[PDB]
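Report on the structure given below.
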Amino acid sequence: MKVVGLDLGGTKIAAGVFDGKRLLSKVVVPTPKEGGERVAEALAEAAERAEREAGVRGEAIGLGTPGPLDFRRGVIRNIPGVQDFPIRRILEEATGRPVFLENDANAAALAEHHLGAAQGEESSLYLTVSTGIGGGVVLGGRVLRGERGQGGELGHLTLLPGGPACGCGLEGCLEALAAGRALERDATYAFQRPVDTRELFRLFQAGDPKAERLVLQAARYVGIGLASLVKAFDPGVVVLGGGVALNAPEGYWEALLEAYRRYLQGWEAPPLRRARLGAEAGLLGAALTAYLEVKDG
Amino acid sequence: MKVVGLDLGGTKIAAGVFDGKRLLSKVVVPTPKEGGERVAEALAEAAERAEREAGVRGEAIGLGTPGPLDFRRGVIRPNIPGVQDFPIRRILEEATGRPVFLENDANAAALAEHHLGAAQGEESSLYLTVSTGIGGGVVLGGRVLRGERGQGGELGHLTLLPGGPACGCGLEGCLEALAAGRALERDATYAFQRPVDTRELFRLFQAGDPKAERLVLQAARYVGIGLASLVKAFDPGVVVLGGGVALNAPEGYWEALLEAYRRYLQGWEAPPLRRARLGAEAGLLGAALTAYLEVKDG
Amino acid sequence: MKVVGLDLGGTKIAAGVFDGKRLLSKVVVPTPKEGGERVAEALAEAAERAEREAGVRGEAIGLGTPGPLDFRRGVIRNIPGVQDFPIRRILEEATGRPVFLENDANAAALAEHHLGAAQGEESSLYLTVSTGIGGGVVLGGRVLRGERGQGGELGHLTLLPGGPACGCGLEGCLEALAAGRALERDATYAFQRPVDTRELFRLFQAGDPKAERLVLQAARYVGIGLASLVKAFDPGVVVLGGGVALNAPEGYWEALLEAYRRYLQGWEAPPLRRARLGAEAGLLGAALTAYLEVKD
Amino acid sequence: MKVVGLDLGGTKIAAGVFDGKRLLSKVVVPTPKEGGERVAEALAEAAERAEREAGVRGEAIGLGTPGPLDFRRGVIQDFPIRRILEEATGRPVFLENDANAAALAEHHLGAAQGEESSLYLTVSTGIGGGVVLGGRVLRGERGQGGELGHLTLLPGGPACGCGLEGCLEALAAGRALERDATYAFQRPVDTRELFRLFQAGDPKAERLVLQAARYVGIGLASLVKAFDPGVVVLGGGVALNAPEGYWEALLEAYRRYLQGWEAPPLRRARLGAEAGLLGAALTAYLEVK
Ligand SMILES: [Zn+2]
Ligand SMILES: [Zn+2]
Ligand SMILES: [Zn+2]
Ligand SMILES: [Zn+2]
């Protein structure tokens with residue numbers, strides 16, 4: 001069986017026909033900053049091109065979205081006036097296929113589970129540390145979406161009550177402590193000049209004591225948050241991706257692993273694995289979402 | 001379809017035939033002190049008695065137990081003498097001639113509140129019980145989340161305060177170690193410099209003792225925070241809170257807890273938080289539902 | 001017995017002749033951007049001008065500044081160059097009079113102690129919440145220097161292990177939690193756009209939940225850090241100054257006071273007073289630093 | 001110049017004549033468990049015996065005692081100890097808190113001898129301290145000065161005997177160690193058993209002990225920002241008699257929390273059990289002078 005995956009990012013759209021194991025085509029175009037109708041047009045035409053290049057029509061479309069979904073309306077809750085856009089209904093009109101929405105982090109989690117670092121497991125938990133912190137939970141490989149589409153909001157577990165303000169409206173969230181933007185927040189504040197993650201990591205590798213303190217602290221919060229999530233979910237394996245975590249200095253991964261292990265004393269520790277699928281994970285998980293929906297429907 | 005539920009406690013064994021919605025019988029007997037073999041006989045006998053009293057035989061048995069379970073091996077890995085690493089499942093199956101399905105007592109109460117109690121009508125729910133310890137259970141459509149290794153839904157051991165007080169699990173700052181019955185008694189006894197149990201602590205609270213208020217309200221807020229945090233992971237239909245320590249706490253406790261839960265869901269859709277409805281029978285009901293849904297699902 | 005007070009700030013320089021109770025003159029001039037040489041010159045110039053304007057000469061000079069300072073050597077270790085300037089010696093050669101150096105936050109503390117909110121006390125604790133958080137300890141009533149001149153660095157007590165990184169090299173310091181720039185750091189992060197303290201306070205007053213959460217948190221950390229310092233010092237009174245604290249929305253002062261009171265349950269709470277001396281405290285304290293040095 | 005020092009403890013009373021250099025006599029009598037006026041007799045008794053065994057009279061008496069004190073009244077419970085003892089003995093009396101007195105002793109005679117200022121922390125059953133600035137105890141406006149055990153290190157932390165939570169004492173004192181160990185091991189565990197488990201490599205015991213050690217290091221490093229003392233002195237049987245990993249973890253935390261700062265030396269207390277008596281004596285001796 002064949003489907004089409006779409007990954008709607010903030011900068012680019014990716015599309016590809018997927019046969020259950022592999023992408024038979026891959027199309028990347030920029031994401032329209034011109035509004036909803038044009039976003040939808042570019043999605044439909046990326047799908048069409050992907051199908052043309054694979055020489056194969058998809059029987060369904062999986063759409064990965066860089067926002068939280070309303071699966072009932074079929075709407076997305078840096079892309080102009082996508083908000084409240086009836087993206088599912090529109091794409092289903094244009095395309096004549098069912099459209100299955102998924103959150104981008106849940107999609108990447110689904111991809112690693114079936115095709116990446118957790119292949120072989122029945123359940124897995126995925127965290128991505130990038131600009132923000134997101135993740136997903138796969139339980140017998142389907143995404144846990146929640147009653148309201150808020151399931152798997154792993155960057156917003158509270159790790160430090162009385163901690164730094166979070167974008168979500170709370171404080172001391174994992175994202176507020178350890179995301180790329182939190183790292184830049186704290187670096188810029190502590191060094192009293194704009195410091196981006198690149199500069200922070202440069203400083204870290206040169207042995208700057210302030211940079212070390214800050215980076216290691218963030219690494220340990222991730223390890224703590226993952227160990228804590230093990231008590232909730234007890235996943236076969238834990239997968240960590242996202243460019244901020246994967247490209248971090250080696251001291252980072254060491255500290256994170258160390259904290260995870262310390263916060264599993266007295267417990268059975270799942271293996272913690274690096275994400276394998278890189279930038280294609282969202283596209284693969286969007287396609288898998290459609291694929292598995294068809295398969296189980 | 002009929003099954004038999006069994007709830008194995010430190011003091012008492014409960015048993016009853018269950019029809020998918022209601023108990024058809026209810027038998028309560030003391031839990032033996034004489035070790036695993038006698039406990040296993042008491043369980044089988046209580047089962048048979050429940051079946052005689054209901055006039056019906058169950059086709060499976062569900063058994064709820066406090067301990068850490070090995071679901072793999074069907075063994076109980078506390079207040080019950082040399083049930084240690086005891087292979088209850090096979091022994092019970094052999095005695096009874098029925099398949100036996102094991103479940104942790106907190107997971108069992110959670111299943112029961114989901115199907116028969118505070119969360120009836122939901123697809124998913126999340127249950128926390130505050131008693132001597134803190135436990136819980138996660139129900140997603142209509143079945144307990146057990147985890148790859150049976151550690152799923154260990155809701156009392158999420159880390160809420162790094163550098164907090166030592167927990168019995170081997171960590172520190174766990175919800176249990178902050179807010180359980182024994183945690184309150186630990187901190188009240190230290191701070192008052194004399195033995196203070198939860199009864200004396202709650203009297204002091206109701207009398208307006210400043211130190212008692214401080215300690216109780218802080219524990220109430222950690223429960224609110226831990227439940228709000230769990231909503232981000234699970235996004236359950238409803239959150240259910242039970243256990244004797246939370247349910248019988250002063251009214252200021254419940255207010256402070258609810259206020260913390262609402263504050264830690266600013267920016268979020270807050271599931272309803274509801275008092276557990278089933279009381280002392282939740283464990284028996286969930287043990288029965290365990291077997292019922294397995295047989296139904298089988 | 002007269003002295004001259006000098007307050008060296010980044011934008012302006014204040015000078016004034018001080019008789020022990022009162023300023024007999026007050027001069028404000030801009031702070032030169034040309035480098036140490038000219039700064040020292042402008043300082044000496046404002047000194048004489050104030051002496052003329054008051055119609056009397058001081059037998060000593062007090063100089064207050066925000067720099068990291070070396071008190072034994074009289075060197076300033078936001079003004080253009082300046083790195084390790086021997087201001088004390090240079091001012092002494094150029095002036096005739098002995099020169100005494102004080103940290104600006106210490107000076108403001110001394111002034112509030114002798115002339116301000118803590119007048120009448122033998123000991124007080126002073127905290128100033130501005131862009132950063134500074135402090136001063138007055139026992140009675142002389143500034144606690146410290147053996148290394150690190151005494152009274154009240155913005156750097158650790159309140160939250162594992163908290164936000166501080167400019168000092170630590171984390172979870174009072175300053176890192178509650179200073180103006182820490183407010184701007186968290187507001188800018190959480191709102192995902194540049195938010196300065198003016199905008200944060202505007203949002204706070206319009207009832208924005210995120211702004212309320214963040215500002216009240218910073219308020220409570222101030223109340224906690226002050227209550228905690230009480231255990232160490234048992235000051236006659238605690239004095240809170242700085243425009244970020246004194247000019248914050250109604251709601252902020254009330255949360256801060258409540259946290260202070262909550263963290264002194266079971267204790268005798270010193271009064272927590274609002275600084276009285278405003279923009280002149282640094283000048284008055286520089287004057288008092290010289291005044292009290294002379295008279296002992 | 002010669003004074004008498006007295007160290008009123010729970011179990012026992014210590015007394016000794018002091019000449020500004022050393023003790024010339026030392027008596028240890030049990031404290032009257034029953035009656036407050038009998039304790040007052042026993043203090044003058046022990047003072048006389050001390051002066052008998054020394055063969056010298058003291059010009060002043062210094063009295064160290066565990067409770068928080070009222071230095072205007074001269075009372076502790078709420079008993080006119082200063083006035084009585086002045087009447088009963090015929091010498092001026094000077095009161096001091098026990099931990100302050102130990103701080104003063106370590107400053108003039110022990111680990112910090114030679115400093116202008118020092119900071120002392122005693123980790124025992126509770127956590128107490130004293131601040132010494134040149135050469136005298138910081139008493140505070142209300143006699144509450146130097147209550148170092150009650151600095152807030154962990155908001156939302158464990159309830160404290162003082163009425164707060166997350167105080168250094170509530171995190172790291174002897175009773176705090178026994179509180180957490182007894183809870184986590186689910187059986188009575190005193191500091192001896194806890195330290196035995198630590199040395200045996202029990203993971204739970206290591207976690208709990210190292211945490212308390214680090215909190216002491218952070219609290220001392222934080223007090224350095226307020227006081228900038230010449231040296232920091234750590235004593236008490238719980239700190240002094242702890243396993244070696246305890247001291248290393250503490251120092252490491254103290255050091256990490258003074259990154260970017262000049263760290264004062266941290267020194268072990270030298271005077272052991274005589275600190276209190278020696279500091280009571282110094283309290284009298286220094287007040288005379
Ligand atoms: Zn958040
Ligand atoms: Zn635990
Ligand atoms: Zn700092
Ligand atoms: Zn305390």
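Within each chain, counting starts at residue 1; across the structure tokens, chains are named A, B, ... in the order shown, with ligands numbered 1 upward in that order.
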Could I get the residues of chain A with an atom no further than 12 Å from an atom of ligand 2, each paired with its nearest atom pair and that distance in Å to one decimal, using only C-alpha atoms and all ligand atoms, sorted by chain and residue number, as CSV?
residue,atom,partner,partner_atom_place_in_ligand_line,distance
A:227,CA,ligand 2,1 (Zn),11.4
A:228,CA,ligand 2,1 (Zn),9.8
A:231,CA,ligand 2,1 (Zn),9.3
A:263,CA,ligand 2,1 (Zn),9.4
A:264,CA,ligand 2,1 (Zn),9.6
A:265,CA,ligand 2,1 (Zn),9.6
A:266,CA,ligand 2,1 (Zn),8.7
A:267,CA,ligand 2,1 (Zn),9.6
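By chain and then residue number, the residues within 10 Å of residue 218 (chain C) are residues 162 of chain A; 174, 175, 176, 177, 178, 179, 180, 182, 183, 224, 252, 255 and 256 of chain C, counting only C-alpha atoms and disregarding those fewer than 6 positions away in sequence.
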(request) Give the residue list for ligand 3 at 8 Å, counting only C-alpha atoms and all ligand atoms, as a ChimeraX atom specification, sorted by chain and then by residue number. (result) /C:155-158,165-176
Output N, CA, C and O atoms of each residue in that selection to a file, as a tab-separated table (two decimals), in the first residue's frame.
chain	number	residue	atom	x	y	z
C	155	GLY	N	22.90	40.47	46.57
C	155	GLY	CA	22.24	40.00	45.33
C	155	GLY	C	22.76	38.61	44.92
C	155	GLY	O	22.21	37.99	44.02
C	156	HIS	N	23.79	38.11	45.60
C	156	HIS	CA	24.42	36.82	45.21
C	156	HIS	C	24.31	35.71	46.21
C	156	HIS	O	24.97	34.67	46.07
C	157	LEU	N	23.38	35.85	47.15
C	157	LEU	CA	23.02	34.67	47.94
C	157	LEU	C	22.23	33.72	47.05
C	157	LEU	O	21.47	34.18	46.22
C	158	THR	N	22.47	32.43	47.20
C	158	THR	CA	21.82	31.40	46.40
C	158	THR	C	20.43	31.14	46.98
C	158	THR	O	20.35	30.68	48.11
C	165	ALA	N	21.20	30.88	35.46
C	165	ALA	CA	22.61	31.37	35.43
C	165	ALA	C	22.69	32.86	35.76
C	165	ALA	O	21.91	33.66	35.24
C	166	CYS	N	23.69	33.19	36.58
C	166	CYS	CA	23.88	34.53	37.07
C	166	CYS	C	25.15	35.11	36.40
C	166	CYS	O	26.07	34.35	36.04
C	167	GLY	N	25.21	36.43	36.23
C	167	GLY	CA	26.39	37.04	35.63
C	167	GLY	C	27.62	36.82	36.49
C	167	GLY	O	28.74	36.92	36.02
C	168	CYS	N	27.43	36.50	37.77
C	168	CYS	CA	28.57	36.31	38.66
C	168	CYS	C	29.38	35.00	38.44
C	168	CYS	O	30.54	34.91	38.90
C	169	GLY	N	28.80	34.02	37.73
C	169	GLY	CA	29.42	32.68	37.57
C	169	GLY	C	28.64	31.58	38.31
C	169	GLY	O	28.94	30.37	38.17
C	170	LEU	N	27.63	31.97	39.10
C	170	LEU	CA	26.75	30.98	39.75
C	170	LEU	C	25.36	30.86	39.07
C	170	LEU	O	25.20	31.19	37.88
C	171	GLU	N	24.37	30.42	39.85
C	171	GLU	CA	23.02	30.22	39.35
C	171	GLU	C	22.03	30.30	40.52
C	171	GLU	O	22.36	29.92	41.64
C	172	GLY	N	20.84	30.83	40.27
C	172	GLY	CA	19.80	30.90	41.31
C	172	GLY	C	20.09	31.95	42.38
C	172	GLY	O	19.46	31.93	43.44
C	173	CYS	N	21.03	32.86	42.12
C	173	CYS	CA	21.26	34.05	42.94
C	173	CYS	C	20.03	34.95	42.93
C	173	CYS	O	19.29	35.00	41.93
C	174	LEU	N	19.85	35.71	44.00
C	174	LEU	CA	18.74	36.66	44.06
C	174	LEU	C	18.73	37.54	42.83
C	174	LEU	O	17.65	37.81	42.25
C	175	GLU	N	19.92	38.00	42.46
C	175	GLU	CA	20.02	38.88	41.30
C	175	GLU	C	19.50	38.20	40.04
C	175	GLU	O	18.76	38.82	39.27
C	176	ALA	N	19.88	36.93	39.87
C	176	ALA	CA	19.53	36.15	38.67
C	176	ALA	C	18.06	35.83	38.62
C	176	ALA	O	17.54	35.50	37.57
(message) as a VMD selection string, please: every residue in region 162-269 of chain D that DSSP puts in alpha helix (DSSP H).
(response) chain D and resid 168 to 172 174 to 185 191 to 199 203 to 227 237 to 240 244 to 256
(request) Pick out the residues sitting within 12 Å of residue 214 (chain C), and hand them over as a count of residues only; count only C-alpha atoms, and ignore anything fewer than 5 positions along from it in its own chain. (result) 35
(request) Pick out the closest residue to ligand 1 from this set: B:232, B:294, B:220, B:179. Count only C-alpha atoms and all ligand atoms. (result) B:232
(request) Could you report the residues within 8 Å of ligand 4, using only C-alpha atoms and all ligand atoms, as number ranges by chain? (result) D: 149-152, 159-170
(request) Quick one: everything within 9 Å of residue 212 (chain B), counting only C-alpha atoms, minus sequence neighbours fewer than 3 positions away in the same chain. Send it as a ChimeraX atom specification. (result) /B:188,192,201-206,208-209,215-217
Selected residues written out, C-alpha atoms, as a short mmCIF file (atom, residue, chain, number, x, y, z; two decimals), in the first residue's frame:
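Result written to again00.cif:
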data_model
loop_
_atom_site.label_atom_id
_atom_site.label_comp_id
_atom_site.auth_asym_id
_atom_site.auth_seq_id
_atom_site.Cartn_x
_atom_site.Cartn_y
_atom_site.Cartn_z
CA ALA B 188 5.33 16.83 61.10
CA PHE B 192 7.02 19.43 66.00
CA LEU B 201 -1.46 16.72 62.02
CA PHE B 202 -4.97 17.35 60.64
CA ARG B 203 -6.33 18.31 64.13
CA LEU B 204 -3.47 20.82 64.47
CA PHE B 205 -4.32 22.12 60.99
CA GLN B 206 -8.03 22.52 61.80
CA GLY B 208 -5.02 26.86 62.98
CA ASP B 209 -1.55 25.82 64.01
CA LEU B 215 3.27 21.70 55.96
CA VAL B 216 -0.19 20.45 54.90
CA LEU B 217 -0.72 23.16 52.27
#
(message) Could you check the closest approach to chain B for each of A:60, A:229, A:275, A:42 and tell me which residue wins, using only C-alpha atoms?
(response)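 Result for the nearest residue to chain B: A:229.
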(request) Using only C-alpha atoms, find the residues of chain B whose closest atom to chain D is at most 12 Å away, then write them as a PyMOL selection string. (result) chain B and resi 78+132-133+160-174+176-195+209-222
(request) Would you kindly return, as number ranges by chain, each protein, DNA or RNA residue with an atom no farther than 7 Å from any atom of region 79-96 of chain A, considering only C-alpha atoms and excluding same-chain residues fewer than 4 positions away? (result) A: 10, 33-36, 40, 44, 74-75
Could you dump the residues just selected with N, CA and C atoms as a PDB file, in the first residue's frame?
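Heads up, here's the output in again.pdb:
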ATOM      1  N   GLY A  10       8.038  25.514   9.247  1.00  0.00           N
ATOM      2  CA  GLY A  10       7.925  26.963   9.279  1.00  0.00           C
ATOM      3  C   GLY A  10       8.652  27.615   8.119  1.00  0.00           C
ATOM      4  N   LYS A  33       4.776  32.169   3.128  1.00  0.00           N
ATOM      5  CA  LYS A  33       4.478  33.138   4.177  1.00  0.00           C
ATOM      6  C   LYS A  33       3.305  34.025   3.786  1.00  0.00           C
ATOM      7  N   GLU A  34       2.524  33.608   2.782  1.00  0.00           N
ATOM      8  CA  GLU A  34       1.443  34.463   2.227  1.00  0.00           C
ATOM      9  C   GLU A  34       0.041  34.164   2.722  1.00  0.00           C
ATOM     10  N   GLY A  35      -0.093  33.181   3.609  1.00  0.00           N
ATOM     11  CA  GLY A  35      -1.389  32.851   4.206  1.00  0.00           C
ATOM     12  C   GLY A  35      -1.916  31.434   3.980  1.00  0.00           C
ATOM     13  N   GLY A  36      -3.021  31.128   4.664  1.00  0.00           N
ATOM     14  CA  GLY A  36      -3.623  29.801   4.701  1.00  0.00           C
ATOM     15  C   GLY A  36      -3.879  29.167   3.349  1.00  0.00           C
ATOM     16  N   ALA A  40      -2.134  25.795   1.895  1.00  0.00           N
ATOM     17  CA  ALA A  40      -2.891  24.648   1.421  1.00  0.00           C
ATOM     18  C   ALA A  40      -2.614  24.305  -0.061  1.00  0.00           C
ATOM     19  N   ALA A  44      -1.066  20.760  -1.418  1.00  0.00           N
ATOM     20  CA  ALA A  44      -1.673  19.973  -2.483  1.00  0.00           C
ATOM     21  C   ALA A  44      -0.745  19.801  -3.684  1.00  0.00           C
ATOM     22  N   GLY A  74     -10.229  19.677  12.793  1.00  0.00           N
ATOM     23  CA  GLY A  74      -9.281  19.396  11.714  1.00  0.00           C
ATOM     24  C   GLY A  74      -8.486  20.653  11.414  1.00  0.00           C
ATOM     25  N   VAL A  75      -8.095  21.369  12.462  1.00  0.00           N
ATOM     26  CA  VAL A  75      -7.442  22.662  12.312  1.00  0.00           C
ATOM     27  C   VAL A  75      -6.189  22.726  13.157  1.00  0.00           C
TER      28      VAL A  75
END
(request) Would you list the contacts of residue 233 (chain D) as a PyMOL selection string, taking every protein, DNA or RNA residue within 7 Å and counting only C-alpha atoms, but skipping same-chain residues closer than 5 positions in sequence? (result) chain D and resi 111+119-121+266-269
How would the residues just picked look written out with N, CA and C atoms as a short mmCIF file (atom, residue, chain, number, x, y, z; two decimals), in the first residue's frame?
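Below is the file again_10.cif, written as the result:
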data_model
loop_
_atom_site.label_atom_id
_atom_site.label_comp_id
_atom_site.auth_asym_id
_atom_site.auth_seq_id
_atom_site.Cartn_x
_atom_site.Cartn_y
_atom_site.Cartn_z
N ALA D 111 40.52 27.03 65.17
CA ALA D 111 40.85 27.01 63.74
C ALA D 111 41.11 28.37 63.10
N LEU D 119 33.57 32.84 60.37
CA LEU D 119 32.20 32.40 60.37
C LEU D 119 32.27 30.97 60.79
N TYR D 120 31.42 30.58 61.74
CA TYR D 120 31.42 29.25 62.32
C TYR D 120 30.07 28.56 62.13
N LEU D 121 30.10 27.28 61.76
CA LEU D 121 28.88 26.53 61.60
C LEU D 121 29.11 25.23 62.30
N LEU D 266 38.20 27.10 54.18
CA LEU D 266 37.28 26.39 55.02
C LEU D 266 38.08 25.42 55.87
N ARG D 267 37.89 25.51 57.19
CA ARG D 267 38.75 24.79 58.13
C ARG D 267 37.89 23.99 59.09
N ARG D 268 38.37 22.81 59.48
CA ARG D 268 37.74 22.04 60.54
C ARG D 268 37.99 22.71 61.90
N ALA D 269 36.95 22.75 62.73
CA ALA D 269 37.00 23.20 64.13
C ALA D 269 37.99 22.35 64.93
#
Apply DSSP to the backbone of this structure and, from region 10-193 of chain B, keep only the residues in strand (DSSP E or B); write these as a CSV table (one decimal) with N, CA and C atoms, in the first residue's frame.
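Just written: out_9.csv:
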chain,number,residue,atom,x,y,z
B,12,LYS,N,-6.6,-8.1,55.2
B,12,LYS,CA,-7.8,-8.8,54.7
B,12,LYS,C,-7.7,-9.2,53.2
B,13,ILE,N,-8.3,-10.3,52.9
B,13,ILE,CA,-8.5,-10.7,51.5
B,13,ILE,C,-10.0,-10.5,51.2
B,14,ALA,N,-10.3,-9.7,50.1
B,14,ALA,CA,-11.7,-9.6,49.6
B,14,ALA,C,-11.9,-10.4,48.3
B,15,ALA,N,-13.1,-11.0,48.2
B,15,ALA,CA,-13.4,-11.7,47.0
B,15,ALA,C,-14.8,-11.5,46.5
B,16,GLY,N,-15.1,-11.5,45.2
B,16,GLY,CA,-16.5,-11.5,44.8
B,16,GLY,C,-16.6,-11.9,43.4
B,17,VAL,N,-17.7,-12.5,43.0
B,17,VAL,CA,-18.1,-12.7,41.6
B,17,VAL,C,-18.5,-11.4,41.1
B,18,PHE,N,-18.3,-11.1,39.8
B,18,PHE,CA,-18.4,-9.8,39.2
B,18,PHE,C,-19.0,-10.1,37.9
B,23,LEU,N,-20.8,-6.4,41.6
B,23,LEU,CA,-20.4,-7.6,42.4
B,23,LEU,C,-21.7,-8.5,42.6
B,27,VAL,N,-17.0,-11.4,49.9
B,27,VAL,CA,-16.5,-12.2,51.0
B,27,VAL,C,-15.2,-11.5,51.5
B,28,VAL,N,-15.1,-11.4,52.8
B,28,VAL,CA,-13.9,-10.9,53.4
B,28,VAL,C,-13.4,-11.8,54.5
B,29,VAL,N,-12.1,-12.1,54.4
B,29,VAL,CA,-11.5,-13.1,55.3
B,29,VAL,C,-10.1,-12.5,55.7
B,30,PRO,N,-9.6,-12.9,56.9
B,30,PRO,CA,-8.2,-12.4,57.3
B,30,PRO,C,-7.1,-12.9,56.3
B,61,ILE,N,-10.1,-15.4,37.1
B,61,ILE,CA,-9.9,-14.7,38.4
B,61,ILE,C,-9.0,-13.5,38.2
B,62,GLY,N,-9.4,-12.4,38.7
B,62,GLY,CA,-8.5,-11.2,38.7
B,62,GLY,C,-8.0,-11.0,40.2
B,63,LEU,N,-6.7,-10.8,40.3
B,63,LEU,CA,-6.1,-10.7,41.6
B,63,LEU,C,-5.2,-9.4,41.7
B,64,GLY,N,-5.6,-8.5,42.7
B,64,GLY,CA,-5.0,-7.3,42.9
B,64,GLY,C,-4.2,-7.4,44.1
B,65,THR,N,-3.0,-6.8,44.1
B,65,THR,CA,-2.0,-7.0,45.1
B,65,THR,C,-1.3,-5.7,45.3
B,69,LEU,N,4.8,-5.9,41.2
B,69,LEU,CA,4.5,-7.2,40.5
B,69,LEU,C,5.6,-7.5,39.5
B,70,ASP,N,5.9,-8.8,39.4
B,70,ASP,CA,6.5,-9.3,38.2
B,70,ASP,C,5.4,-9.9,37.4
B,75,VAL,N,4.6,-13.2,39.7
B,75,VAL,CA,5.0,-13.3,41.1
B,75,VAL,C,4.9,-12.0,41.7
B,76,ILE,N,4.6,-12.0,43.0
B,76,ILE,CA,4.7,-10.9,43.9
B,76,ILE,C,6.1,-10.7,44.4
B,86,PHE,N,7.0,-14.8,45.5
B,86,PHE,CA,6.0,-15.9,45.5
B,86,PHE,C,5.2,-16.0,44.2
B,100,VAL,N,-5.7,-16.8,35.8
B,100,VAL,CA,-5.5,-15.8,36.8
B,100,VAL,C,-4.8,-14.6,36.2
B,101,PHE,N,-5.4,-13.4,36.4
B,101,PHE,CA,-4.8,-12.1,35.9
B,101,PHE,C,-4.4,-11.2,37.0
B,102,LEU,N,-3.1,-10.9,37.2
B,102,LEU,CA,-2.6,-10.1,38.3
B,102,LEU,C,-2.6,-8.6,37.9
B,103,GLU,N,-2.8,-7.8,39.0
B,103,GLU,CA,-2.8,-6.4,38.7
B,103,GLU,C,-2.3,-5.7,40.0
B,104,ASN,N,-1.6,-4.6,39.9
B,104,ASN,CA,-1.2,-3.8,41.0
B,104,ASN,C,-2.4,-3.1,41.6
B,125,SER,N,-8.3,8.0,31.5
B,125,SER,CA,-8.3,8.8,32.8
B,125,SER,C,-7.0,8.5,33.5
B,126,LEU,N,-6.7,9.3,34.5
B,126,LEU,CA,-5.5,9.3,35.3
B,126,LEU,C,-6.0,9.3,36.7
B,127,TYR,N,-5.4,8.3,37.5
B,127,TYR,CA,-5.8,8.2,38.9
B,127,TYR,C,-4.6,8.2,39.8
B,128,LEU,N,-4.8,9.0,40.9
B,128,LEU,CA,-3.7,9.1,42.0
B,128,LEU,C,-4.3,8.7,43.3
B,129,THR,N,-3.7,7.9,44.1
B,129,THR,CA,-4.2,7.6,45.4
B,129,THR,C,-3.1,8.1,46.4
B,130,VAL,N,-3.6,9.0,47.3
B,130,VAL,CA,-2.7,9.4,48.4
B,130,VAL,C,-3.2,8.7,49.7
B,134,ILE,N,2.1,7.2,47.9
B,134,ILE,CA,1.4,7.7,46.8
B,134,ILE,C,1.5,6.7,45.6
B,135,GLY,N,0.4,6.2,45.1
B,135,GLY,CA,0.4,5.5,43.9
B,135,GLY,C,-0.6,6.0,42.9
B,136,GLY,N,-0.7,5.3,41.8
B,136,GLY,CA,-1.7,5.7,40.7
B,136,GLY,C,-1.8,4.7,39.6
B,137,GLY,N,-2.5,5.2,38.6
B,137,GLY,CA,-2.7,4.3,37.5
B,137,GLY,C,-3.2,5.1,36.3
B,138,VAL,N,-2.8,4.7,35.1
B,138,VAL,CA,-3.2,5.3,33.9
B,138,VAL,C,-4.0,4.3,33.0
B,139,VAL,N,-5.2,4.8,32.6
B,139,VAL,CA,-6.2,4.0,31.8
B,139,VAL,C,-6.3,4.7,30.5
B,140,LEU,N,-5.9,4.0,29.4
B,140,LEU,CA,-6.1,4.5,28.1
B,140,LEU,C,-6.8,3.5,27.2
B,143,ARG,N,-8.3,0.5,29.3
B,143,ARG,CA,-7.3,-0.5,29.8
B,143,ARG,C,-6.1,0.2,30.5
B,144,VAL,N,-5.6,-0.5,31.6
B,144,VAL,CA,-4.4,-0.1,32.3
B,144,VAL,C,-3.1,-0.1,31.5
B,159,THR,N,9.6,13.0,39.5
B,159,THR,CA,10.5,13.9,40.3
B,159,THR,C,9.8,15.3,40.2
B,166,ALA,N,14.6,12.4,50.5
B,166,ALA,CA,14.9,11.1,50.1
B,166,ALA,C,13.6,10.3,50.0
B,172,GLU,N,14.9,11.1,45.1
B,172,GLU,CA,14.6,12.1,46.1
B,172,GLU,C,13.6,13.1,45.4
B,174,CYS,N,10.5,12.9,44.9
B,174,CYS,CA,9.3,12.2,44.3
B,174,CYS,C,8.1,12.8,44.8
(request) Give me, please, the distance in Å between CA of residue 27 (chain C) and CA of residue 134 (chain C), quoted to one decimal. (result) 25.0 Å
(request) Have a look at A:243, A:235, A:66, A:297 and name the one nearest to chain B; count only C-alpha atoms. (result) A:235
(request) Identify all chain A residues at most 12 Å from chain C by counting only C-alpha atoms; ligands do not count. Present them as a PyMOL selection string. (result) chain A and resi 78+131-132+159-173+175-194+208-221
